[PDB]
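Trainee: One structure, as structure tokens, below. Some questions next.
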Amino acid sequence: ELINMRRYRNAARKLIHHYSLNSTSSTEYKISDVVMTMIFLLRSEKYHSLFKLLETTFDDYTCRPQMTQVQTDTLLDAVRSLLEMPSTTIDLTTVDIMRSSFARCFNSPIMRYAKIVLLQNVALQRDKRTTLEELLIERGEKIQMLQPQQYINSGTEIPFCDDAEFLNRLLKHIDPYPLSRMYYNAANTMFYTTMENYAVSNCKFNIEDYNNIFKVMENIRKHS
Amino acid sequence: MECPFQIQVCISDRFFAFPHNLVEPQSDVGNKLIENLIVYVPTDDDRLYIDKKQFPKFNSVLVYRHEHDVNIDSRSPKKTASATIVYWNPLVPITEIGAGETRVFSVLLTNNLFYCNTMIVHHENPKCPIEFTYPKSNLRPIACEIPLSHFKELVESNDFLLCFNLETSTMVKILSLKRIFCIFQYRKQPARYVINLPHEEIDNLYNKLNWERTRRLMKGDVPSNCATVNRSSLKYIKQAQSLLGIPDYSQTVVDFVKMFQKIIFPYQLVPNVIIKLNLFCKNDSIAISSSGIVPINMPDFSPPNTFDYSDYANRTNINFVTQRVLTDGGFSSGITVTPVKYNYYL
Amino acid sequence: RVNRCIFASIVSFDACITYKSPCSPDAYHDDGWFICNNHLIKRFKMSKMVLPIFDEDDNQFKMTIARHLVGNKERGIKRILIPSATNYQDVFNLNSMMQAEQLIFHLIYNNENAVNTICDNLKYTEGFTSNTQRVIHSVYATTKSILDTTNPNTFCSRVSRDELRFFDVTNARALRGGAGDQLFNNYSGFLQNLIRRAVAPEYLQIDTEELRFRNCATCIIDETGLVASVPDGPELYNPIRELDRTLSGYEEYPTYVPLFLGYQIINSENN
């Protein structure tokens, strides 16, 4: 055939993992990748729903599209089959994030060196932007209502494995792991989780203040 | 492997000892009986179980250890018309043919003899030796390479420990094992036994035995219900036992399988023990009436297209049922729903 | 990484008084022995050491061997290195050692009656079911899991020609030199393996070549077990400034007398 289906499959997989799951992967993505992905979606009849969704945002990029329950189910099935990750939560927030990101990209002009913009954009519910204190108080009110679940009172010292071999084997198994990769993954993961929760919360985040000041505080207190 | 046309092969379980009565002189075109008889054996050890006085017909007897030769191909064996030749449990390609007939009495049927002629002496009502492991008895070890020494003990004693020197090549180990197994199958009562070898080698030996019995069956030998059991199946049996079987029965595998044989028929389905005991090669069972087992199948095969799955295979139905069960149970994940699709025919 | 000494599991199953584990680090090695050198020198009169067998082609091959731990004036039970089944309790007065030691020794000699008596008497003590029951179960399980491997390998040796170890005394006239071959064979598999790995033969036969190390015997097997009494003569000595200045490193040639008894046969295949 005239289409490298495998390579376009790989490109679409990478881009969707980059935008939707927002996995730790972070590399430069060029117009080639988006073109390949759109062609891949258009080619597959199964993915015509996703293709139509992406196309719709070209004109108006400021709204969640209206669908039916069956349409949503089929869309979830198509996305799950594409990603080949049934063991994940991709219910609705994933789709909204993807629509927002593609709305930004398609309605963005050409740039020489990236844009590097946070995915805090085009939130839903059309709610006025809310403050941390207001939402925190409102939600804590619900939290403080009732319903604990376990009553551990006396308190036993935190157990520790006394066998050294059980520790030396673990050290041997875990040693080859590079520490930098682990730290980078964990940090990026916390960042993305906070970003998604905040975006759904429909509030105004601190781009380079709250997490940044937290890091600064840790470094200063440990150092000086 | 293309056997020469002068070879005659007799195979029987009771050939672990030399069959003196069956050895007779052969006549070539010279039409003169040849009395110089020459015999071959696997190892020098077997020489100590061949009487020179058990051949009244023959004038002179010469014994040799059958040592493999390379200068002579099996396609055109060397001919020595000056002496009759009779082999015994050969383990390498035969290379020497006596005048006229050349019988080969063996208890093992390798590939080298497969394409030769054959006269199997099948067996009636074999006993199945019992395999177990100690983890309370006086274990009686046996020299596997020379079982003929301990014939009286094998007849009388009950527990036995297969023991092999590291010298023995794989073929000789196989031959000794087959000897001892035939001895057991001829025993008056089942005998317990174990092997003092690493498990992988035991599996290799049992694969060899299974293929040997397959060749025997393909030459018309009567089937034997006694056979070895795969180690993975043994682990599954041990897990089932630990789950519910308290003691260590002698034939606990047979116990499980018959304990489910009691139910195979009336409910019309395979007991899952059999399924796990076994890609494709799907097993079934029968009754005198026409009906299969796994789906209650007809005697032909899996039907090609019996009825549509529109109401089930659609993603909407499976999703609705999944959401219903998840909401009712309070789960968030860990539950999988599959449509009832394996419906051959009711 | 894992120790392989039977005495390495010795524990005071009282839950109050601590227990000792004097086993040396070498007891973790799977060299064939099953005793830590400390316990070997403590309970028995043995001291692990190795002997290398070379050739004219400079090839390495070493075998296990033991050493005396008795002096000269000691007699009677003191001369016994490894007692027999009947005469072990008296020489070891098991009533004086820890109960776990007694249980282990009974298992070694396969004294089932002693094991059953110790178990059913230990049923009586208070707090037994709490933790002493599980401790006795752990000790018994470990002892079984150490003994078990030995019996097959000892049994298989007692089956076929691979290595024909004959304890026949050289120079048949000699002395008592009892052919206790079956008294050895009356030992448990662990004891048989230990004695085989402890004493080496005087004549050795590899393939067809013949090798000899000692002109006479060193120990001897008797109804009271293996006793380090040299046949036909007094026992050998055991050691346990100017002239010293002029004597430098001159191949000290250790004077302690190691074990030497029996006859061995080596087939081509053994390694």
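All residue names refer to the structure tokens as shown: chains lettered A, B, ... in order, residues numbered from 1 in each chain, ligands numbered from 1 in order.
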What are the DSSP strand (DSSP E) residues of stretch 65-313 of chain B, as a PyMOL selection string?
Mentor: chain B and resi 65+78-80+84-88+96-98+102-106+119-121+130-131+141-143+161-163+192-195
Trainee: Can you write out the residues you just picked, keeping N, CA, C and O atoms, as a compact mmCIF listing (two decimals), in the first residue's frame?
Mentor:
```txt
# COMPACT_ATOMS: atom_id res chain seq x y z
N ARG B 65 31.25 -57.23 23.35
CA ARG B 65 30.55 -56.01 23.70
C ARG B 65 30.29 -55.23 22.42
O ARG B 65 31.22 -54.89 21.69
N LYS B 78 28.13 -55.06 6.81
CA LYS B 78 29.12 -56.08 6.52
C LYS B 78 28.51 -57.46 6.66
O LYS B 78 27.70 -57.71 7.56
N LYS B 79 28.89 -58.36 5.76
CA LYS B 79 28.37 -59.72 5.74
C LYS B 79 29.47 -60.70 6.10
O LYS B 79 30.53 -60.71 5.46
N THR B 80 29.22 -61.51 7.13
CA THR B 80 30.12 -62.59 7.54
C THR B 80 29.28 -63.86 7.53
O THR B 80 28.68 -64.24 8.54
N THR B 84 26.41 -67.39 12.47
CA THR B 84 25.14 -66.76 12.81
C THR B 84 25.38 -65.63 13.81
O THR B 84 26.33 -65.64 14.59
N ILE B 85 24.51 -64.62 13.76
CA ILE B 85 24.61 -63.45 14.63
C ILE B 85 23.25 -63.15 15.22
O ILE B 85 22.23 -63.22 14.53
N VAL B 86 23.23 -62.81 16.51
CA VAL B 86 22.00 -62.46 17.22
C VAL B 86 22.27 -61.30 18.16
O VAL B 86 23.12 -61.38 19.04
N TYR B 87 21.55 -60.20 17.98
CA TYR B 87 21.74 -59.02 18.80
C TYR B 87 20.81 -59.04 20.01
O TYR B 87 19.84 -59.79 20.06
N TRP B 88 21.12 -58.19 20.98
CA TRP B 88 20.33 -58.10 22.20
C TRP B 88 20.26 -56.65 22.64
O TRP B 88 21.28 -56.04 22.96
N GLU B 96 26.55 -55.47 11.49
CA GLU B 96 27.09 -56.76 11.09
C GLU B 96 25.96 -57.77 10.97
O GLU B 96 25.17 -57.93 11.91
N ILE B 97 25.90 -58.45 9.84
CA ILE B 97 24.83 -59.40 9.53
C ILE B 97 25.44 -60.77 9.32
O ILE B 97 26.35 -60.94 8.50
N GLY B 98 24.93 -61.76 10.05
CA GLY B 98 25.34 -63.13 9.86
C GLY B 98 24.66 -63.75 8.66
O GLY B 98 23.87 -63.13 7.95
N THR B 102 18.84 -62.89 10.77
CA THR B 102 19.58 -62.21 11.84
C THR B 102 18.54 -61.59 12.78
O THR B 102 18.05 -60.49 12.54
N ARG B 103 18.21 -62.33 13.83
CA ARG B 103 17.20 -61.87 14.77
C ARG B 103 17.80 -60.86 15.74
O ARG B 103 18.98 -60.90 16.08
N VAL B 104 16.95 -59.94 16.20
CA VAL B 104 17.34 -58.88 17.12
C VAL B 104 16.27 -58.83 18.20
O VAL B 104 15.22 -58.21 18.02
N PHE B 105 16.53 -59.48 19.33
CA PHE B 105 15.59 -59.50 20.44
C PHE B 105 15.88 -58.32 21.35
O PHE B 105 16.95 -58.25 21.96
N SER B 106 14.94 -57.39 21.44
CA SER B 106 15.13 -56.19 22.24
C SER B 106 13.85 -55.84 22.97
O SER B 106 12.75 -56.20 22.54
N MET B 119 7.93 -58.38 14.88
CA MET B 119 7.00 -59.38 15.43
C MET B 119 6.89 -59.08 16.92
O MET B 119 7.66 -59.60 17.73
N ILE B 120 5.92 -58.25 17.28
CA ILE B 120 5.74 -57.86 18.67
C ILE B 120 5.05 -58.98 19.43
O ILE B 120 4.06 -59.56 18.96
N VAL B 121 5.58 -59.31 20.60
CA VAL B 121 4.92 -60.22 21.53
C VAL B 121 4.29 -59.33 22.60
O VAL B 121 4.92 -58.96 23.59
N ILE B 130 4.12 -47.82 41.00
CA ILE B 130 3.66 -46.66 41.75
C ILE B 130 4.83 -45.75 42.06
O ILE B 130 5.81 -46.18 42.68
N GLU B 131 4.73 -44.49 41.64
CA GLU B 131 5.74 -43.49 41.94
C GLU B 131 5.28 -42.63 43.11
O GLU B 131 4.11 -42.24 43.19
N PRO B 141 17.90 -49.82 47.64
CA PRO B 141 18.44 -49.29 46.39
C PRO B 141 18.84 -50.41 45.44
O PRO B 141 19.20 -51.51 45.86
N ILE B 142 18.79 -50.11 44.14
CA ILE B 142 19.00 -51.11 43.09
C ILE B 142 19.97 -50.56 42.06
O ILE B 142 19.85 -49.40 41.64
N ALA B 143 20.91 -51.40 41.62
CA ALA B 143 21.87 -51.03 40.58
C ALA B 143 21.17 -51.05 39.23
O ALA B 143 20.94 -52.10 38.64
N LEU B 161 14.84 -47.67 44.83
CA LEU B 161 15.45 -46.38 44.53
C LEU B 161 16.26 -46.56 43.25
O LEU B 161 17.33 -47.17 43.27
N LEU B 162 15.74 -46.04 42.15
CA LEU B 162 16.50 -46.03 40.92
C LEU B 162 17.78 -45.23 41.14
O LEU B 162 17.74 -44.13 41.69
N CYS B 163 18.91 -45.81 40.76
CA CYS B 163 20.21 -45.20 40.99
C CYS B 163 21.08 -45.36 39.75
O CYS B 163 21.23 -46.46 39.22
N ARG B 192 6.56 -49.82 44.67
CA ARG B 192 6.87 -48.41 44.80
C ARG B 192 8.30 -48.14 44.35
O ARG B 192 9.19 -48.98 44.51
N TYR B 193 8.52 -46.94 43.81
CA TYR B 193 9.84 -46.61 43.27
C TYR B 193 10.01 -45.10 43.22
O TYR B 193 9.04 -44.35 43.15
N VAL B 194 11.28 -44.67 43.24
CA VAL B 194 11.68 -43.28 43.07
C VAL B 194 12.97 -43.24 42.26
O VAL B 194 13.62 -44.26 42.05
N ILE B 195 13.36 -42.05 41.83
CA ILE B 195 14.57 -41.84 41.04
C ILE B 195 15.45 -40.81 41.75
O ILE B 195 14.95 -39.76 42.18
```
Trainee: What are the residues of chain B that have an atom within 12 Å of an atom of chain C, counting only C-alpha atoms, as a PyMOL selection string?
Mentor: chain B and resi 45+133-136+138-147+149-150+160-169+194-197
Trainee: Once you have the residues from the selection above, write them out as a tab-separated table (two decimals), in the first residue's frame, restricted to C-alpha atoms.
Mentor:
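Everything below was put into part_31.tsv:
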```tsv
chain	number	residue	atom	x	y	z
B	45	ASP	CA	28.26	-56.20	32.21
B	133	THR	CA	8.41	-39.73	47.40
B	134	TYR	CA	9.50	-40.14	51.02
B	135	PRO	CA	8.40	-36.77	52.39
B	136	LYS	CA	9.11	-43.93	56.62
B	138	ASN	CA	13.54	-49.27	54.55
B	139	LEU	CA	14.51	-48.04	51.11
B	140	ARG	CA	16.13	-50.80	49.02
B	141	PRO	CA	18.44	-49.29	46.39
B	142	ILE	CA	19.00	-51.11	43.09
B	143	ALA	CA	21.87	-51.03	40.58
B	144	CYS	CA	20.02	-49.76	37.52
B	145	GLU	CA	22.77	-50.60	35.02
B	146	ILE	CA	22.65	-54.25	36.10
B	147	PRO	CA	19.09	-54.99	37.29
B	149	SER	CA	21.57	-58.90	39.98
B	150	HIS	CA	18.59	-57.85	42.11
B	160	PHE	CA	13.08	-49.25	45.31
B	161	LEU	CA	15.45	-46.38	44.53
B	162	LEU	CA	16.50	-46.03	40.92
B	163	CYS	CA	20.21	-45.20	40.99
B	164	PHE	CA	22.44	-44.27	38.08
B	165	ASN	CA	26.15	-43.74	37.79
B	166	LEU	CA	27.15	-40.53	36.06
B	167	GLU	CA	29.01	-42.64	33.45
B	168	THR	CA	25.88	-44.03	31.86
B	169	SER	CA	24.99	-42.36	28.61
B	194	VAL	CA	11.68	-43.28	43.07
B	195	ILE	CA	14.57	-41.84	41.04
B	196	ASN	CA	17.68	-40.18	42.50
B	197	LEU	CA	18.24	-37.86	39.54
```
Trainee: Go ahead and compute the interatomic distance for atom CA of residue B:125 and atom CA of residue B:252, in Å to one decimal.
Mentor: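 Rounded to one decimal, the two atoms are 20.7 Å apart.
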Trainee: Considering only C-alpha atoms, return as a list in words whatever protein or nucleic-acid residues lie within 7 Å of stretch 176-187 of chain C, sequence-local ones (same chain, fewer than 6 positions apart) excluded.
Mentor: residues 85, 167, 168, 169, 220, 221 and 222 of chain C
Trainee: Distance cut-off 8 Å, counting only C-alpha atoms - which residues of chain A neighbour chain B? Return them as a ChimeraX atom specification.
Mentor: /A:70,73-74
Trainee: Would you export the selected residues with N, CA, C and O atoms as a short mmCIF file (atom, residue, chain, number, x, y, z; two decimals), in the first residue's frame, please?
Mentor:
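Output file selection_17.cif is given in full below:
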```cif
data_model
loop_
_atom_site.label_atom_id
_atom_site.label_comp_id
_atom_site.auth_asym_id
_atom_site.auth_seq_id
_atom_site.Cartn_x
_atom_site.Cartn_y
_atom_site.Cartn_z
N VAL A 70 -24.20 6.27 24.01
CA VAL A 70 -23.64 5.22 23.15
C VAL A 70 -22.42 5.74 22.40
O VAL A 70 -21.43 5.02 22.23
N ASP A 73 -19.59 5.68 24.79
CA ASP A 73 -19.11 4.32 24.99
C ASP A 73 -18.23 3.87 23.83
O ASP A 73 -17.14 3.33 24.03
N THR A 74 -18.69 4.11 22.60
CA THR A 74 -17.91 3.72 21.43
C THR A 74 -16.59 4.48 21.38
O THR A 74 -15.55 3.91 21.01
#
```
Trainee: Which residues, written as a PyMOL selection string, have at least one atom at most 8 Å from residue C:191, with only C-alpha atoms counted and residues fewer than 4 positions away on the same chain left out?
Mentor: chain C and resi 108-109+187+195
Trainee: Given the selection you just returned, output its residues as a file containing N, CA and C atoms, formatted as a PDB file, in the first residue's frame.
Mentor:
```pdb
ATOM      1  N   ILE C 108      20.734 -38.075  64.399  1.00  0.00           N
ATOM      2  CA  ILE C 108      21.918 -38.525  63.677  1.00  0.00           C
ATOM      3  C   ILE C 108      22.068 -40.033  63.785  1.00  0.00           C
ATOM      4  N   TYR C 109      21.899 -40.575  64.983  1.00  0.00           N
ATOM      5  CA  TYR C 109      21.967 -42.015  65.168  1.00  0.00           C
ATOM      6  C   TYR C 109      20.647 -42.710  64.880  1.00  0.00           C
ATOM      7  N   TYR C 187      25.976 -47.296  60.290  1.00  0.00           N
ATOM      8  CA  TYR C 187      25.798 -45.894  60.621  1.00  0.00           C
ATOM      9  C   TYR C 187      24.710 -45.284  59.749  1.00  0.00           C
ATOM     10  N   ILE C 195      32.188 -39.730  57.876  1.00  0.00           N
ATOM     11  CA  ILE C 195      33.399 -40.524  58.023  1.00  0.00           C
ATOM     12  C   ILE C 195      34.096 -40.691  56.680  1.00  0.00           C
TER      13      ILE C 195
END
```
Trainee: Determine, counting only C-alpha atoms, which protein, DNA and RNA residues have an atom within 10 Å of an atom of residue C:101; residues of the same chain fewer than 4 positions away are not included. Present the result as a ChimeraX atom specification.
Mentor: /C:6-7,9-12,94-97,105-107
Trainee: Hey, what does DSSP flag as helix (DSSP H, G or I) within stretch 19-220 of chain A? Can you give it to me as JSON, numbers by chain?
Mentor: {"A": [19, 20, 21, 31, 32, 33, 34, 35, 36, 37, 38, 39, 40, 41, 42, 43, 45, 46, 47, 48, 49, 50, 51, 52, 53, 54, 55, 56, 69, 70, 71, 72, 73, 74, 75, 76, 77, 78, 79, 80, 81, 82, 83, 93, 94, 95, 96, 97, 98, 99, 100, 101, 102, 103, 104, 105, 106, 132, 133, 134, 135, 136, 137, 138, 139, 140, 141, 142, 143, 165, 166, 167, 168, 169, 170, 171, 172, 173, 174, 179, 180, 181, 182, 183, 184, 185, 186, 187, 188, 189, 190, 191, 192, 193, 194, 195, 196, 197, 198, 199, 200, 201, 210, 211, 212, 213, 214, 215, 216, 217, 218, 219, 220]}
Trainee: Set the distance at 10 Å and use only C-alpha atoms: which residues neighbour residue B:284 once local chain neighbours fewer than 2 positions away are removed? I'd like the list as a list in words.
Mentor: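 In the requested form, the answer reads residues 269, 270, 274, 275, 281, 282, 286, 292, 293, 294, 295, 296 and 297 of chain B.
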Trainee: Write the selection just made, keeping C-alpha atoms, as a PDB file, in the first residue's frame?
Mentor:
```
ATOM      1  CA  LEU B 269     -19.148 -32.195  31.209  1.00  0.00           C
ATOM      2  CA  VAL B 270     -15.395 -32.679  31.511  1.00  0.00           C
ATOM      3  CA  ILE B 274      -8.648 -33.655  33.189  1.00  0.00           C
ATOM      4  CA  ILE B 275      -8.542 -30.348  31.300  1.00  0.00           C
ATOM      5  CA  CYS B 281      -5.814 -31.727  20.843  1.00  0.00           C
ATOM      6  CA  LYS B 282      -9.066 -31.084  22.701  1.00  0.00           C
ATOM      7  CA  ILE B 286     -18.429 -40.863  25.208  1.00  0.00           C
ATOM      8  CA  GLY B 292     -20.055 -35.575  23.058  1.00  0.00           C
ATOM      9  CA  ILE B 293     -18.852 -33.910  26.220  1.00  0.00           C
ATOM     10  CA  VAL B 294     -17.272 -30.455  26.131  1.00  0.00           C
ATOM     11  CA  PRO B 295     -20.401 -28.646  24.829  1.00  0.00           C
ATOM     12  CA  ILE B 296     -22.436 -31.878  24.610  1.00  0.00           C
ATOM     13  CA  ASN B 297     -21.120 -32.029  21.054  1.00  0.00           C
TER      14      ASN B 297
END
```
Trainee: Stretch 256-262 of chain B: which residues within 10 Å, counting only C-alpha atoms, same-chain residues fewer than 6 positions away excluded, as a ChimeraX atom specification?
Mentor: /B:237,240-241,245,270-274,277
Trainee: For the interface of stretch 176-220 of chain A with stretch 122-139 of chain A (cut-off 9 Å, counting only C-alpha atoms), please tabulate each contacting residue of stretch 176-220 of chain A alongside its nearest pair of atoms and their separation in Å to one decimal, rows sorted by chain and increasing number, as a Markdown table.
Mentor:
```
| residue | atom | partner | partner_atom | distance |
| --- | --- | --- | --- | --- |
| A:199 | CA | A:123 | CA | 6.4 |
| A:200 | CA | A:123 | CA | 6.8 |
| A:201 | CA | A:135 | CA | 8.3 |
| A:202 | CA | A:129 | CA | 6.0 |
| A:203 | CA | A:130 | CA | 4.6 |
| A:204 | CA | A:129 | CA | 6.4 |
| A:205 | CA | A:132 | CA | 8.6 |
```
Trainee: Could you write out as an NGL selection string the residues of chain A within 12 Å of chain C, counting only C-alpha atoms?
Mentor: :A and (164-166 or 168-169)
Trainee: To one decimal place in Å, what is the distance between atom CA of residue B:55 and atom CA of residue B:40?
Mentor: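 Separation between atom CA of residue B:55 and atom CA of residue B:40: 15.2 Å.
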Trainee: Take atom CA of residue A:50 and atom CA of residue A:117 and report the distance between them in Å, one decimal.
Mentor: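 Going from atom CA of residue A:50 over to atom CA of residue A:117, I get 23.6 Å.
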Trainee: Taking only C-alpha atoms into account, name the residue in B:242, B:327, B:317, B:185 that is nearest to residue B:227.
Mentor: B:185
